[PDB]
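# Structure assessment
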Amino acid sequence: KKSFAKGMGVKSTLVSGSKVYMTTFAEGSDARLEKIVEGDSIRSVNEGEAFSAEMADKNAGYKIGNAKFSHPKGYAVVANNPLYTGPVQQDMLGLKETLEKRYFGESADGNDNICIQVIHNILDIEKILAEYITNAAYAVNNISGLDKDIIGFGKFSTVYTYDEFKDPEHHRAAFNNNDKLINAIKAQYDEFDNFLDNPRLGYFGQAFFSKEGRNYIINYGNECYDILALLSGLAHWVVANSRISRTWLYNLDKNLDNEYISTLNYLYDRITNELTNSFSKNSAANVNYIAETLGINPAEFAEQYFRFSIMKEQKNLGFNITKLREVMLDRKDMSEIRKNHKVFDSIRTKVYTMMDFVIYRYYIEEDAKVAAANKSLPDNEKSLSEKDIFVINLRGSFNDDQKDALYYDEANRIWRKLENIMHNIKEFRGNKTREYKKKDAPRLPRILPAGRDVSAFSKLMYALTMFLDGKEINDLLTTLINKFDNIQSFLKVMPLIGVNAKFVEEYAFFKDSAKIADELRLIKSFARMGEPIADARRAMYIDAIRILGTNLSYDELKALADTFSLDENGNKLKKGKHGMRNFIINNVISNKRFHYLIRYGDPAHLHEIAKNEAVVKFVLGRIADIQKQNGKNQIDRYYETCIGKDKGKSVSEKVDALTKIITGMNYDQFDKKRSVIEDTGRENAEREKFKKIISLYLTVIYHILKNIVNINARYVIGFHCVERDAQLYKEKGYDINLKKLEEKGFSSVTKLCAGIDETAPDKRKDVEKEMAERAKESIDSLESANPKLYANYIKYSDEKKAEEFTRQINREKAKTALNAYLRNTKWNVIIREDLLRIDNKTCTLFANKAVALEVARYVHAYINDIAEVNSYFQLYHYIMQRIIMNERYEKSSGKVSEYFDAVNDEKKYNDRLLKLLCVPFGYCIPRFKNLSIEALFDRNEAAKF
RNA sequence: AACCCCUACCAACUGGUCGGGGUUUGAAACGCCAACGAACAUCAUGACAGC
Ligand SMILES: [Mg+2]
């Protein structure tokens, strides 16, 4: 539920000294000051008003009103007064002053609530970076080999140049002449060579291979070492409490040698130069057809089409073109684009791109014309553009059934001026595509930036993207862009409201947060372009024919794989005789989801996962239960393509048939039909059936693995947070011990913030006595404190007074807490009781396994032992608890041993055990509850609960 | 919905009704950008060839 104040235009309410400054939305992420509050007086800075604000009753808030967007039910909207309670409000954990000191020196004084917000944005950036670097490192370690951990702590520490790493004897001054450390470097170089001739290194085609002609060539050893060292340096920086500190990422021009800068520049220039040098020959058809449709010379919009297609400037625009396009497609005049499959399944994307460009050009041209006209009129009477009016209406939409009506109405409004253009676009056919490629697109000056201009941080993010997949890249880069935009907006706002805080030198990198956002937008556009597989070798063929299912030994598999690209004599097959090789390459090896599965698992075990029936039915039912195209349509589409044409079957029967197809899967059904497969034609239905079956099978396994990886990422974030907060509380001046944080079950922070210590069998004599004496004082001093409650306390019965004395001790114990979360007596009586019954060695196991991603490596081992698969949260914690039981079951004692027995009996997870394992998160109640209760875990699954 | 704050009525006040607020709570401020989410909507018609 969006708050009504944001719809009415109120964006922020800041405190500086004894004054309150309110701020409204201006453009994109920018902010404009609106009101200044002094005591009981409210002044408006600007001539116009984005919102009217007046003082409310008891000076407890400001009533907000807008002429256009009023509250639907007529209730009053009040924004809170930060000075009503007292001084500036504090952080929930009470770490405001420490963080402000760390990030701003003595230039911050504490009479404001603006610096803490940029600090929290930086903290969010670090959070998501720590989430994704772990997955990248695990992928690289998985691909490298077995027991060959090449990336982590203590390896490739980005301090040593490649020359010092290959011949340490000739460069022993850089190692401080230490024989033990020198012998460690040589052993690392041996692992480097063995990793560099791995046949399966080609899965990272972008990172290590470059395309020269029609075939890929491995980069020089310098570049590969530099990339690996950069990734290991990121891994070191994540766990920084050495030469890699917390400030390593923000000072990269003084910590990195010229080699690393050269490698990053090489990669960036490589991606930019191909896009620049291939635009004219690749954008000819679309540009020529659009020119014919509109009726203008291509030179009049070539650059604008460049910015639309390659740089993707239609996304930083204030709204979504795609929704308008879909509303346009919903009409009866243009419905055949969806119904007529046989004519449009090969030109759908071209038509969509053309329509989007037409809409975007319409808006851009209208805005430019209005802006040009608004140059001779007086600075008072000026008209807005259609972009501005649409964004103004969108911002004040209190819900979603109002936002969609706006899209519907404006699509219908702007359809009247583009009917002919769309009707001409709909008349496009693939056959006449080579006709529009005869004349090439106009040449352009360089628009994309070079490697030198971009910062090292952005280039390092682009390098990191080469170890991930599309969804993760999108999430990471979008979050980073949002956080940097917030930081830059706050930094521009701060001068106006009288705050003269400046970043300390080590964190001066954030003084230029606006350029980083633009660079990251370009990188988000770039990261999804390029071939990710390099070449195809025999190892990839074996992996492909091992995920479908075989019961063959290794030598037989090698012979079968050699059959792909060799004859019965020993020479290579002639051109055009590769028909089974191309099928496998195009249908398995070249699938993005297969790349995901290889990057996060073992091919032979994913087949074991796929032989299960319950998980397959669960995934297919999840597909079938998608509302708003529909999930029921997709189930029918699979059945019609994979099984055939039939009528009278319900959803359950189709799901059962598809499950039977998926569960029984083997490579022999293709080796026997090899003759049919090598018959390439348009009437070979069996070939298409095979393709559809393979695609669906891969999709199912991909979903199953992806959800597990996401949940593990959540728990990694949680433990990163507990480590960071332990460091901060130590720096504040408390009595935490960081060296013993691991032998204790990561629960020292929870003990520290709970308050008084009673678990000690030495001082229970005083704590129980001290609480008793302060409890008795509060009862006597009640009429003075709370007279209204005292008038009812006397009327209590004698027995009821006794209960209130027991509760008063819990209240007194809660007054000694060190958080704002744990000062509530409700949560303190809960967290304390959990502290007594934990097992320290079990909690350390949960933390270690989550970081290493060992849940994803043992799904197949315990998938057949589960009783039911109702959700991924329920499946995740069965595998996690079965792993812990393997190592610690004989030595377990207490309630944990009782809990372990329950898992073996009922064959599901234990709710009570999860709460004990989540005790490290107890000092932060929202994270403690979200990570321990299924109902609050997933935001998208809330209708079910 | 969970966590925190506030006006008015009642309440051991470790709790509730009518409603508002929170970028300084939790993967989580607004418009975007994205995700759950499925043949999937591209720098390049499709199929074939090329590894
Ligand atoms: Mg936040």
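Looking at the entry header, you'll see cryo-EM listed as the method and 2.86 Å as the resolution.

## Points about the packing of helix α19 (residues 456-464) against helix α21 (residues 513-526)
Contact geometry of α19 with α21 gives a least axis separation of 10 Å together with a crossing angle of 25 degrees. By the criterion of interaxial angle, the relationship of α19 to α21 is roughly parallel. Regarding α19 and α21, the two cross each other, and that crossing is right-handed. Counted together, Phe457, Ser458, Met461 and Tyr462 of α19 and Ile516, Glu519, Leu520 and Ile523 of α21 form the full contact between these two elements. Classifying every residue of the contact of α19 with α21 by side-chain character gives 6 nonpolar, 1 polar and 1 charged.

## Overview of helix α3 (residues 115-144)
Given a rise of 1.5 Å per residue, 30 residues ought to cover 44 Å, and the 44 Å separating the end C-alpha atoms of α3 matches this to within 8%. Buried residues dominate α3, accounting for 25 of its 30 residues.

## A few points about a nonpolar patch on the surface
Together, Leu384, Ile389 and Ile392 line one region of the surface with nonpolar side chains, adding up to about 260 Å² of accessible area. Residue position: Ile392 is located in helix α16 (residues 386-395).

## A few points about the pairing of strand β6 (residues 61-65)
Where strand β5 (residues 52-55) meets β6, 4 bridges bridge the pair, whose relative direction is antiparallel. Residue pairing for β6: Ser52 is matched across the bridge by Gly65. Between β5 and β6, which follow one another and run antiparallel, lie 5 residues, and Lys58 among them has a positive phi close to 60 degrees. Both β6 and strand β7 (residues 78-80) contribute to a ladder of 3 bridges, which runs antiparallel.

## Quick look at the side chain of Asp112
With respect to the helices and strands, the residue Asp112 is situated in the loop between α2 (96-104) and α3. An unpaired buried charge is present at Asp112: no salt bridge exists, and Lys96, the closest side chain of opposite charge, is 4.6 Å distant. With sequence-adjacent residues up to four places away left out, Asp112 is seen in contact with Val15, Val88, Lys96, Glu100 and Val499.

## Focus on the pairing of strand β2 (residues 19-25)
For β2, the buried fraction is high: 5 of the 7 residues fall into the buried class. In this structure, strand β1 (residues 10-16) lies alongside β2, joined through 6 bridges in antiparallel fashion. Considered in β2, the bridge of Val15 is made with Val20. The antiparallel hairpin formed by β1 and β2 contains 2 residues in its connecting segment, where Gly17 sits at a positive phi of about 75 degrees. By the bridge criterion, 6 bridges tie β2 to strand β3 (residues 31-38) in an arrangement that is antiparallel. By the bridge assignment for β3, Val20 is matched with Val37.

## With respect to the protein's contact with RNA strand B
The local shell around RNA strand B holds 113 residues, among which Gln117, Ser346, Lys524, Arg811 and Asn930 are the closest. Among the atoms of RNA strand B close to the protein, meaning within 4 Å, 67% are from sugar or phosphate groups. At 3.1 Å, a side-chain N or O of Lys403 approaches a phosphate oxygen of RNA strand B. With respect to RNA strand B, the side chain of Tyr407 contributes an N or O atom lying 2.9 Å from a phosphate oxygen. Broken down by class, the residue content of the surface near RNA strand B amounts to 36 nonpolar, 43 polar and 34 charged.

## Digging into the sheet that holds strand β4 (residues 41-44)
Spatial ordering of the open sheet is given by β1-β2-β3-β4, a layout of 4 strands whose pairing is antiparallel. In this open sheet, the two edge strands, each paired with only one partner strand, are β1 and β4. Averaged over all neighbouring strand pairs, the angle between strand axes comes to 25 degrees, with direction disregarded.

## Details of the sheet that holds β6
Ordered in space as β5-β6-β7, the 3 strands form an open sheet in which the pairing is antiparallel. Strands at the two margins of the open sheet, each flanked by one partner only, are β5 and β7. On average, each strand axis in the sheet is tilted by 35 degrees relative to the strand beside it, whichever way the strands run.

Reading guide: rules and limits
Residues numbered from 1 in each chain as written, not as in the entry; some residues may be left out. Chains lettered and ligands numbered in written order. Heavy atoms only, no water. Residues with missing side-chain atoms left out of burial classes, pairs and counts. Axes fitted to C-alpha atoms, helices over the stretch in contact; angles between N-to-C directions. Helix = DSSP H or I, 4+ residues; strand = E, 2+ residues; numbered from the N terminus. Parallel < 35°, antiparallel > 145°, perpendicular 65-115°, else oblique. Left-handed = near helix turned anticlockwise from the far one by under 90°. Contact = heavy atoms within 4.5 Å. Nonpolar A, V, L, I, M, F, W, Y, C, P; charged D, E, K, R; others polar. Expected span 1.5 Å × (residues − 1). Buried < 20%, exposed > 50% of the residue type's maximum accessible area, 1.4 Å probe, protein only. Patch = residues over 30% accessible without salt bridge, like charges linked within 9 Å, V, L, I, M, F, W, Y side chains within 5 Å. Areas by Shrake-Rupley, 256 points an atom, 1.4 Å probe, with all protein chains shown as cover. Salt bridge = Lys/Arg side-chain N within 4 Å of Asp/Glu carboxyl O. Pairing = 2+ DSSP bridges. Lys, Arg positive; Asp, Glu negative; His and termini not counted. Near = heavy atom within 4 Å. Polar contact = N/O pair within 3.5 Å; in protein donor to acceptor, adjacent residues only side chain to side chain.

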